[PDB]
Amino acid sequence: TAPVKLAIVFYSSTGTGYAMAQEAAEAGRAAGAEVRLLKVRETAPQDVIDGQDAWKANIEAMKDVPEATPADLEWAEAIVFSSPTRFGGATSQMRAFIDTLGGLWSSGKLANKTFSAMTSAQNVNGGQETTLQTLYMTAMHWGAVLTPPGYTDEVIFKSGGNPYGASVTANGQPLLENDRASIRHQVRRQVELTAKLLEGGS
């Protein structure tokens, strides 16, 4: 009876990932999940953040979004991670959050949860696919059940066709309707699969 527990954990410096993660959170709500939308703790020093108005502005924009904790992943049945690409991997901020999950991992409390990932870069082929890859490889250490979107909808094709997960080319400009649709399909599908797995076991 109880709704799928979905945790969307994103890092964003300049707002693309925050926009993407809200789209993911709404998709999950629309599809019947109980959602936690959670920001990855910022590690940068203020004097660095201060050099970028858009970074400082997004931090302000997300101020009422709670910070991700391990408890949130223990709670979750379905997990989505979203990070911007940093040299073809996830941000250090995201990896620092992951590096706090060792206790939960040691307890077996990350196993069997569904996992998918999203990303953004300033270049269309700028290491996005590898950023997604590295997040999935991590989830495998947890015994997670990975639910990438594939090409299971016409929307994937329409938005540049990334079967590994939603990836958005960041150019300051708001999200395109095709990217939004790619995110929606990814999340709805994951929620649907998670509901099925949970029903089969209970």
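Quick note: we count residues from 1 along the sequence shown, nothing fancier.
K.L.:
For the stretches 173-181 and 144-152, which has the higher mean C-alpha B-factor as given in the deposited record?
P.N.:
In the deposited entry, the stretch with the higher C-alpha B-factor mean is 173-181.
K.L.:
Per the PDB record, is the mean Cα temperature factor higher over 79-87 or over 117-125?
P.N.:
On average, C-alpha B-factors are higher across 117-125.
K.L.:
Between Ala27, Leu38, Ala166, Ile49, which one tops the list for Cα B-factor in this entry?
P.N.:
Largest recorded C-alpha B-factor: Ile49.
K.L.:
Given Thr43, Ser159, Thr69, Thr134, identify the residue with the highest C-alpha B factor in the PDB entry.
P.N.:
It is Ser159.
K.L.:
Lowest, middle or highest third: which one holds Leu197 when the chain's residues are ordered by CA B-factor from the entry?
P.N.:
Highest third.
K.L.:
Quick one: classify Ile98 as lowest, middle or highest third of the chain based on its Cα B-factor.
P.N.:
For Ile98, whose C-alpha B-factor we compare with every modelled residue in the chain, the answer is the lowest third.
K.L.:
Taking the values exactly as deposited, rank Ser107 by C-alpha B-factor within its chain and report the matching third: lowest, middle or highest.
P.N.:
According to the entry, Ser107 has a C-alpha B-factor in the chain's highest third.
K.L.:
In terms of the CA temperature factor given in the entry, to which third of its chain does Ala139 belong: lowest, middle or highest?
P.N.:
Answer is lowest: the recorded C-alpha B-factor places it there.
K.L.:
Could you look up the Cα B-factor of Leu6 in the entry and say which third of the chain it sits in: lowest, middle or highest?
P.N.:
Answer is lowest: the recorded C-alpha B-factor places it there.
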